[PDB]
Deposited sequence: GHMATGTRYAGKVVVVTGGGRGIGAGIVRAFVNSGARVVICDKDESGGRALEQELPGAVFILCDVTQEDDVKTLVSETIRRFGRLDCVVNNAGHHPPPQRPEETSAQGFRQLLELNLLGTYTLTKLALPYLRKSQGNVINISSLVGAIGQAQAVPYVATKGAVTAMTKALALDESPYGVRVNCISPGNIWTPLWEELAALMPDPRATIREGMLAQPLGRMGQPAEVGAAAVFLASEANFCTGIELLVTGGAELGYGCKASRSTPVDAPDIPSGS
């Protein structure tokens, strides 16, 4: 009952981290709108979970997002929390293999889609003293190899979270982000499957964490529910869900 009577929109909610966050909010008593650009995962989740419904919506299409918000209000009467989870990590790319145009397209999903849904939802969040939760990445803060565009988009999301927190604090609307590290999702599986030795790449990923495993969507989901329902003095924070990967010295390559 931690978030009973509340209404939550989760973008990219059809699989992976997004689906874990959907399940965490339903388990807390909330009604959830699943936004995804793909029908398959999200429609099945709608049938599985009483309290969850699916709305097809590509967050890079402004008119899809407008409809997403107006249907959430029409069907449920309020809006309390937006979770900006939709995003993509391209396959590893050397810097000279990137293009300005590929970079713009990635900014369009990972940064501007978050911006657009946040903007269209804030009027309703102000009425409910609701809150925004953005899913950034640890690599926005510490960097990552062969991912200059991805890393730059997540640096922007984390910084944007802090700016918007400042602007919305007079209106009682909190704005926070979660920076996951290696979480085991279908995207992680798909990227590993492209590599010469998928299993070695997955072993590498597990051991980047002092805890020796990757994280789960449910753990990101629990962090989200905490920010929504219990972190009433937290705004502009970056909550790390990484298993300790940012800690200590490692293998990154006498004087």
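- Unmodelled regions (deposited sequence positions with no C-alpha coordinates, counted from 1) are 1 to 6, 260 to 267, 270 to 274.
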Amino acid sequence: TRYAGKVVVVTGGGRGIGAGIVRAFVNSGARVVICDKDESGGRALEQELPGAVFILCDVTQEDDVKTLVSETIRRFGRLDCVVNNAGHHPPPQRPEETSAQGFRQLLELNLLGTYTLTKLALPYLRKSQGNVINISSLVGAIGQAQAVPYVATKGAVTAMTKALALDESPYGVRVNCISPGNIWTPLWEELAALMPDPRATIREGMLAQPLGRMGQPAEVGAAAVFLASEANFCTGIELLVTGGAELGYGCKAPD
From here on, numbers count along this sequence of modelled residues.
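- For the pair 205 to 213 and 190 to 198, the record assigns the higher mean C-alpha temperature factor to 190 to 198.
- Looking at mean Cα B-factors across 152 to 160 and 88 to 96, the upper value is held by 88 to 96.
- Set against one another, the Cα B-factors of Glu219, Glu48, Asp36, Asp64 in the record reach their highest point at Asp64.
- Annotation for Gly172: CA B-factor lies in the highest third of the chain's modelled residues.
- When the modelled residues of the chain are ordered by their C-alpha B factor, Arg75 lands in the highest third.
- Among the modelled residues of its chain, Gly20 has a C-alpha B-factor that falls in the highest third, as given in the PDB entry.
- When the CA B factors of the chain's modelled residues are split into thirds, the value for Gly130 lands in the middle one.
- Remark: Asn182 belongs to the highest third of its chain, ranked by C-alpha B-factor as recorded.
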